[PDB]
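1. Need the 3D shape of this:
(3 chains, ligands or ions: 6)
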Amino acid sequence: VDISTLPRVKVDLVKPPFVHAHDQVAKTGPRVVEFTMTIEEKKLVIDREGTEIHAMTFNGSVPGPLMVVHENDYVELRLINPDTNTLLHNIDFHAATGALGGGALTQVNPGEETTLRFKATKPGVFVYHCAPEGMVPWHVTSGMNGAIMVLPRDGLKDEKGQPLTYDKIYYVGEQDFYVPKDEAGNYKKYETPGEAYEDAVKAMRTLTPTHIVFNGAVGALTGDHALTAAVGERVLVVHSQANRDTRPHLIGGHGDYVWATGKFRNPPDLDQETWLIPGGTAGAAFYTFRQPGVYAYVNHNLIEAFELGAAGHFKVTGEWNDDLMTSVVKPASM
Amino acid sequence: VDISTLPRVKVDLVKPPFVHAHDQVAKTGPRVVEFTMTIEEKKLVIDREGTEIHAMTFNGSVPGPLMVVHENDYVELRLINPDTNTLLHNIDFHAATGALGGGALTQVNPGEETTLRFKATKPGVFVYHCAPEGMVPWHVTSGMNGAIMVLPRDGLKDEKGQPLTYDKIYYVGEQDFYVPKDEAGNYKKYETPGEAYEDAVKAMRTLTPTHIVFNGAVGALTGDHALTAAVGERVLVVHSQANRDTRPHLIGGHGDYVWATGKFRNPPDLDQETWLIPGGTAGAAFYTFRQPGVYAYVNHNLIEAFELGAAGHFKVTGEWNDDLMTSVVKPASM
Amino acid sequence: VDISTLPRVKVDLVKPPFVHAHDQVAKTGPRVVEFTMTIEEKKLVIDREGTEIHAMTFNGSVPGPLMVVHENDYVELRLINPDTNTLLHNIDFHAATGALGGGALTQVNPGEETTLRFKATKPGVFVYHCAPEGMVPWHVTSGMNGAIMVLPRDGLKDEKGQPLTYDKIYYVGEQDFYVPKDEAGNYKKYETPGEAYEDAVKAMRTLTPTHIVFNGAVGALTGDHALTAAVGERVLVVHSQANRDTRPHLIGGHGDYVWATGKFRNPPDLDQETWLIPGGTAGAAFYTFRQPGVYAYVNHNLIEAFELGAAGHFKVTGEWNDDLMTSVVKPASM
Ligand SMILES: [Cu+2]
Ligand SMILES: [Cu+2]
Ligand SMILES: [Cu+2]
Ligand SMILES: [Cu+2]
Ligand SMILES: [Cu+2]
Ligand SMILES: [Cu+2]
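-> Numbers count the residues shown, from 1 in each chain, chains lettered A, B, ... in the order given. Ligands and ions are numbered 1, 2, ... in the order given. Please see the structure below:
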């Protein structure tokens, strides 16, 4: 087969929790979709008390952008490592076949550039992350991870076969930070990551994170930055994790359709309250709202949710329904 | 639809691991089932060495009672907070839709009372727990949790469709306690929970429990308080967890039918040895015994089972079967 | 039924990750397969820095050998405890029914021998381990565990029904060691296990392992001891765990067919990137390779993989495929 006959299309990626424009059903044969990502290292504030870390990011955000392609398309990515960085990076896709998911061919030193083309042969949601030889967990637990969705050429289907169309799509990436704290119980500071590597390893070896955040900060999805919807809309939430297990939960709602492993060739589950997403994988949930108000989106390890910071908010417009839930007797003195 | 035409029925709840009387198949249309729960705070001994904690409970037991209703019924709960308590409580159902599962409408200060009515629209086993704004994990990891079973209007079915009828039903609730210990390695004591909140938070932030118990105490289901059955009986064990993952295991037996997420609209699994129940969810297992004797029911994280206290016992009456298992040569010297 | 009419067959077990000779489809009725295992206690080096532990083993290896039988066969095991050991051991199968999986009938003091016969009535992969009264986690987290595969009498089938034949079969057993370290941060040494029991308990109570290894040592499956295959071959990897959850991942590949709980009466999953295997269970993955080169086989808790030592290697011979993955622009300066 000649690759030079398929059409080409350029896409510009958007900062999460929003996704770039796309169609839910394909209207073309296989194509060549062209993305562009610039690695960047920067200081990040990840809580209210002003805790600072040295994060490494794709396109300058934790997590990286969510790419969306169709099955049997050709994904061509152009990765740039500017001259102001200091480390060696390389991407690694869980959707590509062979050569360590592409990590053996995308090693770029500071001030370099590479291009990798692969074929998306399996539909579902997959995880991509950095993976340099000898520093994999340090690069991954600092923010170099993201997801990619390979939709089927015909669309999503329920357990029987009828199509499933969504109105909105959000992308939530959970991230666990292991910040090294000195003997007095205070977090430390450094100048460059090379001074932080040793303490980062020593803190990672304890297997317990210090922070767990949605979208790269505490409260990054609550307040004015909350997600939005209306009663009757259909939302697809793509949840991702790269190093640790997670159990998403939508307080007040359920999961109408859940791919907990994120593979669309399998029939989904029904009426899930809390599903488990293993570490190093992405899951998808499909929900249609039925009541207005504010919703919580948490990791139902309640200590990780309400003590470490893994919580977000939904705002849904609409009109109440006294048949589903009603307050018969308001709180009185007797 | 008029709610005032459906019949009403009052139910009195029973202390676990026993369940109140009910029918496995519905013989009426939708009804209104009326429960009553009184919150109560008390000192609990949770091990053999006499470790004391300040537990908060529904109806004065850890875990709370197990309610049983049918699909599309109307659950009306009347929650009372006596004047001798000191905190603010509110229930939160994972089976109700909207308003944070009912937590935004059931806040009762000490010496108050409220009534909440919702509609059980999805069959399966669900978790309910307390959830006050700012103290969710502290209230939940002290004993304010339980389960509720919404059976289908026609009964349980296997993976092909034939009905599944059980003879007995037991309810096991696993609970993890994070008891604060002082510098010498000894557990601390307090007078009221307000003095314990700070150390409780500091101990919870370590993500490792100090105790893990079945039915609210070490050895609460072993000895004379063990569960009972006979060879040929059919038992449904409803296992619950509210904060941490668990992996139940029946030593010597299996799981004939397992709903690991606890949703009956999904086909069960077959011949499970150890299934995983995520944190903040309830699962159901259906087993028919084939050999007499004593059985262990453990959390197959063996350190949590035999070092922290998550173990219980079954006593089964019947006659042995030399065909399944037999001792050919008893332990000899050669 | 008379047991004395079925044919008998002796099998000699092989050190992992290799399996003794067997057929994928049965060519006889039910038989009586005879195994032999000798318990042995020995000092093991489990890392590069020469950390020593006192391991207890079946047949002198961590993990124990993998037995393979067919459904409805009769497994007869003869367990020997030589006079040079010092503890009391007893095996415990998750595939047998009744009497604590066989632990109540196989207690052998040093210098003894026993024989146990049971019937394999459920197909799948199961875990067996030692379980003495009062020392279960200490005996299990020192290397006394393994797996057993009970194949169906007709062979493995995919989600629709077509047979699945494998060319090679490997067995990977993950093991977590809790080595006690003294106040200076150095691992301790002892003479006999009786001196190590107390510190072993105190270290186990922290719920965090110090080492996590494939096949009983760091780097035991990398280098010249890596697993081998060719492009187009079909491999069945049987992964086991006895105390802790694990999430296997094949970097560069996928899971074509996955039994994550390891029970063959259930339809497998498709196109898994990372599946979760609960603690105290065994799972099976079936993969056919499509690209040559070196593959990583890791626990995708990347801290446990690349910081504690849970990693192995595949070497696949064959010819590259520029259509699946290709390097369009090699790393350049621009
Ligand atoms: Cu990197
Ligand atoms: Cu990965
Ligand atoms: Cu409360
Ligand atoms: Cu909850
Ligand atoms: Cu032993
Ligand atoms: Cu076991």
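
2. Enumerate every residue touching residue A:112.
-> Going by C-beta atoms under 8 Å, 6 or more residues apart in numbering or on different chains, residue A:112 touches A:80-81, C:331-333. For every residue, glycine as well, the C-beta is placed using N, CA and C.

3. Can you tell me the closest non-neighbouring residue to the residue of chain A at minimum distance from ligand 1?
-> In chain A, the residue that lies nearest ligand 1 is residue A:130 (3.2 Å; C-beta to the ion). Of all residues not flanking residue A:130 in the chain, residue A:144 sits nearest, at 3.8 Å (C-beta to C-beta, 6 or more residues apart in numbering or on different chains).

4. burial of that neighbour, as a residue count?
-> Look at residue A:144: counted by other C-beta atoms under 10 Å in any protein chain shown, it has 27 neighbours.

5. That one contacts residue A:128, doesn't it?
-> No: contact between residue A:144 and residue A:128 fails when scored by C-beta atoms under 8 Å: they sit 9.2 Å apart.

6. measure the residue in the stretch 101-250 of chain A that chain B sits nearest to to chain C for me?
-> Using C-beta to the nearest C-beta, the closest approach of the stretch 101-250 of chain A to chain B is made by residue A:247 at 4.8 Å. Residue A:247 sits 12 Å away from chain C, going by C-beta to the nearest C-beta, to the nearest Å.

7. follow-up on the earlier one: how near is the residue nearest to residue A:130 to residue A:87?
-> 10 Å (C-beta to C-beta, to the nearest Å).

8. Mind listing the shared neighbours of the two?
-> Contact criterion C-beta under 8 Å, 6+ apart; residues bridging residue A:144 and residue A:87 by contacting each: residue A:56.

9. Have a look at chain A and report its longest strand.
-> Looking across chain A with DSSP state E, the single longest strand is strand A:32-45.

10. That one pairs with which strands, parallel or anti?
-> strand A:8-10 (parallel), strand A:52-58 (antiparallel), strand A:74-81 (parallel) (DSSP bridges).

11. List the contacts of the shortest one.
-> With contacts defined as C-beta under 8 Å, 6+ apart, strand A:8-10 is touched by A:31-34.

12. of all these, which comes closest to ligand 5?
-> residue A:33 (56.8 Å).

13. which residues pair with the closest one across the strands?
-> With DSSP bridges as the rule, residue A:33 is bridged to residue A:9, residue A:75.

14. That one: what's it in contact with?
-> Applying C-beta under 8 Å, 6+ apart, we find residue A:33 in contact with A:8-11, A:67, A:69, A:73-76.

15. re earlier: the residue of chain A closest to ligand 1 is in contact with residue A:91, isn't it?
-> Yes: using C-beta under 8 Å, residue A:130 makes contact with residue A:91 at a distance of 6.6 Å.

16. still on that earlier bit, so which of the contacts of residue A:33 reach ligand 3?
-> Among the contacts of residue A:33, no residue sits close to ligand 3 (C-beta under 5 Å from the ion).

17. show me where chain A has helices.
-> Taking DSSP state H, the helices of chain A run over residues A:136-140, A:193-204, A:302-303.

18. Adding distance to ligand 1 and neighbour count, write the contacts of residue A:33 out as JSON lines.
-> Formatted as JSON lines, the contacts of residue A:33 follow (distance: C-beta to the ion, whole Å; neighbours: other C-beta atoms under 10 Å in any protein chain shown):
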{"residue": "A:8", "distance to ligand 1": "28", "neighbour count": "11"}
{"residue": "A:9", "distance to ligand 1": "28", "neighbour count": "12"}
{"residue": "A:10", "distance to ligand 1": "25", "neighbour count": "9"}
{"residue": "A:11", "distance to ligand 1": "23", "neighbour count": "16"}
{"residue": "A:67", "distance to ligand 1": "18", "neighbour count": "25"}
{"residue": "A:69", "distance to ligand 1": "23", "neighbour count": "23"}
{"residue": "A:73", "distance to ligand 1": "26", "neighbour count": "22"}
{"residue": "A:74", "distance to ligand 1": "25", "neighbour count": "19"}
{"residue": "A:75", "distance to ligand 1": "20", "neighbour count": "21"}
{"residue": "A:76", "distance to ligand 1": "21", "neighbour count": "19"}
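
19. Show me the two of those that sit farthest apart.
-> Longest distance between any two of these is 15.5 Å, between A:8 and A:67; criterion C-beta to C-beta.

20. so who does the closest residue to ligand 5 within the stretch 101-250 of chain A touch?
-> Residue nearest to ligand 5 within the stretch 101-250 of chain A: residue A:207 (26.9 Å; C-beta to the ion). Shown in contact with residue A:207 (C-beta under 8 Å, 6+ apart): C:208, C:303-304.

21. filter the residues you listed to the buried ones?
-> Neighbour-count burial (16 or more other C-beta atoms under 10 Å in any protein chain shown) applied to the contacts of residue A:207 gives C:303-304.

22. out of the contacts of residue A:207, which one sits closest to residue B:51?
-> Checking the contacts of residue A:207 against residue B:51 with C-beta to C-beta, the nearest one is residue C:208 at 22.3 Å.

23. wait, that closest one sits on residue A:206?
-> Yes: with contacts counted by C-beta under 8 Å, residue C:208 reaches residue A:206, the gap being 6.9 Å.

24. Can you give me the distance of residue A:11 to residue B:142?
-> Distance from residue A:11 to residue B:142, counting by C-beta to C-beta: 50 Å.

25. ok, for the residue nearest the centre of chain A, nearest residue in space, not its chain neighbours?
-> The geometric centre of chain A, computed from its C-alpha atoms, lies nearest to residue A:173 (C-alpha atoms, centre = their mean), at 3.0 Å. Excluding its sequence neighbours, the residue lying closest to residue A:173 (C-beta to C-beta, 6+ apart) is residue A:63, at 3.3 Å.

26. Residue A:216 now?
-> residue A:62 (3.3 Å).

27. Just give me the neighbour total for that neighbour.
-> Using other C-beta under 10 Å, residue A:62 is surrounded by 26 other residues.

28. again, but for residue A:168
-> Residue A:168 - counted by other C-beta under 10 Å - has 15 other residues nearby.

29. is it in a bridge, and if so with what?
-> For residue A:168, the beta-bridge partners are residue A:235 (DSSP bridges).

30. Touching, it and residue A:236? I think so.
-> Yes: Residue A:168 lies in contact with residue A:236 (C-beta under 8 Å); the separation is 7.3 Å.

31. Quick one: residues contacting the nearest residue to residue A:101 once chain neighbours are set aside.
-> Using C-beta to C-beta, 6+ apart and skipping the chain neighbours, the partner closest in space to residue A:101 is residue A:92 (4.4 Å). Taking C-beta under 8 Å, 6+ apart, we find residue A:92 in contact with A:100-103, A:106, A:128-131, C:251.

32. ditto for residue A:130
-> By C-beta under 8 Å, 6+ apart, the contact list for residue A:130 reads A:56, A:89-92, A:136, A:139-140, A:144-145.

33. could I get those as JSON lines with distance to ligand 1?
-> Below are the contacts of residue A:130 laid out as JSON lines (distance: C-beta to the ion, whole Å):
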{"residue": "A:56", "distance to ligand 1": "5"}
{"residue": "A:89", "distance to ligand 1": "4"}
{"residue": "A:90", "distance to ligand 1": "7"}
{"residue": "A:91", "distance to ligand 1": "9"}
{"residue": "A:92", "distance to ligand 1": "10"}
{"residue": "A:136", "distance to ligand 1": "9"}
{"residue": "A:139", "distance to ligand 1": "4"}
{"residue": "A:140", "distance to ligand 1": "8"}
{"residue": "A:144", "distance to ligand 1": "4"}
{"residue": "A:145", "distance to ligand 1": "10"}
